[PDB]
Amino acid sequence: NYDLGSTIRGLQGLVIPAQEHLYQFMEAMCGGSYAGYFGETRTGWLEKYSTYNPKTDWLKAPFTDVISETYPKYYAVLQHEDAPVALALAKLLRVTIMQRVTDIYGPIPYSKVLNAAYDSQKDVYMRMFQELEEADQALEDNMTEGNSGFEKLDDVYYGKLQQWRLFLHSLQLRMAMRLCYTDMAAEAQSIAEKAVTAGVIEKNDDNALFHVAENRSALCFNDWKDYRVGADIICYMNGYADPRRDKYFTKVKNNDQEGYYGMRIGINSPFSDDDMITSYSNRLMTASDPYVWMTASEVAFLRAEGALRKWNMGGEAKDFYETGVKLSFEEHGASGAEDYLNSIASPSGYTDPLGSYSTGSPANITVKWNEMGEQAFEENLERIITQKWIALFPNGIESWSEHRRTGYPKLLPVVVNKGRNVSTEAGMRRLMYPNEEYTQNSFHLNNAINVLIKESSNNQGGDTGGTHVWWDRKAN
């Protein structure tokens, strides 16, 4: 029983996964650990994403489940609808889902899906850019005032095609910035500039949120209690005395504790699960919360970086930076942005309230803009990306990609590095292909690994967490 609305909602639920079974792996364990946002409370787990040795069958969900769930919905739209807007929205959602997947793995099945042959990450990005333009043209040529017909078929923008275009342009901007260290940088700059000109998300009312009657991801944090907040994000936000903390996190309040506390990521604690659950802050969320895809704050930080790089983003780097911070405060109902923007406080050292994994501060980057501008390029990039990372919480996959790309924010090293060809100093550079690909798709997988090796600025044994994906080319 095909229904276009259910199919579109199905696709919208594969961006930030709306099924808890998929969420726990892709977002809580993978994005969470590698962005410095969350650690796992379960002390019995010895093959973990956070220690770079995820149990083999825990590698299935971010690759195999995303792909196997996406394509039947995508092809249902294509076989039932000839309306250009339906096809354009399906196309845009497929790009949105799969941008994340190629950023995690590098080469992925994409253009030849009909298992399947893999495209190079470069070929995935170029094809996505071509598809985003095709979707955008179809939206622009068919949009109207009043109802589009998709009002009851779409739980992100409730049928408002104008807002879908802002989002599409914002995604083009994000993906362009991703490629600024590759041989496609000139094209990326042009794409970014045209995207900004076409109109990106600038107001919080236009943020792309997937609204849901029940946010099942809340189970992972509130009910299962399998994750708590990581040390890194707490070190920065406590150091900065960030007014957003009471909107992001719960307080831990007991005999020896009152405030915001983070757990060291990449450890094998000798304490109990109850100790890990009760001694560290949780994220603050409810079962009615939306999933946040793209915000005005993120777009402002992208424009700030662009401007710092002398791309034509329509304004000054400092102004976009300050606007990004202001927009994030506004998004969360937080006061004090203007004073916060002049802060010269450093990220704090890490004090483990249980006394096991205390360590020095991850960075000395402050909030206040360095007026040398591009003459302090790396420092100002560091604060743009650090502030974007705070504003992005809990979007770990995006923050992980940006951390890989730019080196920022600087995060605390894991303690227990049980990775295979993964360095403690550089961290996870990608995820490894699932064992299903080895057993069931071995011809295509073998070619994929060869493509990953050829595309990489830094091969570390082929299909490992150490090998760089194609866009991860910055020299350190």
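Throughout, we count residues from 1 along the sequence that is shown.
Between residues given as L114 and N115, how many of the deposited sequence are not built: none, 1 to 3, 4 to 9, or 10 or more? 10 or more residues lack coordinates between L114 and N115.
Comparing 188-196 with 254-262, which stretch shows the greater average C-alpha B-factor in the deposited entry? Looking at the recorded C-alpha B-factors, 254-262 comes out higher on average.
Which is higher in the entry, the mean Cα B factor of 73-81 or that of 212-220? It is 73-81.
Among the candidates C180, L341, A345, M237, give the one with the maximum CA B-factor reported in the record. If I rank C180, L341, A345, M237 by C-alpha B-factor, first place goes to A345.
Among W293, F271, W400, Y227, single out the one with the highest C-alpha B factor in the record, please. Highest C-alpha B-factor among the listed options: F271.
Rank-wise, by C-alpha B-factor, drop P54 into the lowest, middle or highest third of its chain. It belongs to the middle third of the chain when residues are ordered by C-alpha B-factor.
Name the third of the chain's ranked CA B-factors that contains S297, choosing lowest, middle or highest. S297: CA B-factor falls in the lowest third of its chain.
Using only modelled residues of the chain, where does the Cα B factor of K410 rank: lowest third, middle third or highest third? Lowest third of the chain for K410's C-alpha B-factor.
Within this chain's modelled residues, let me know which third the CA B factor of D242 belongs to: lowest, middle or highest. Its C-alpha B-factor, which the entry lists for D242, ranks in the middle third among residues of this chain.
Looking at the C-alpha B-factor of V422, is it in the lowest, middle or highest third of its chain? As the PDB entry reports it, the C-alpha B-factor of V422 lands in the lowest third of its chain.
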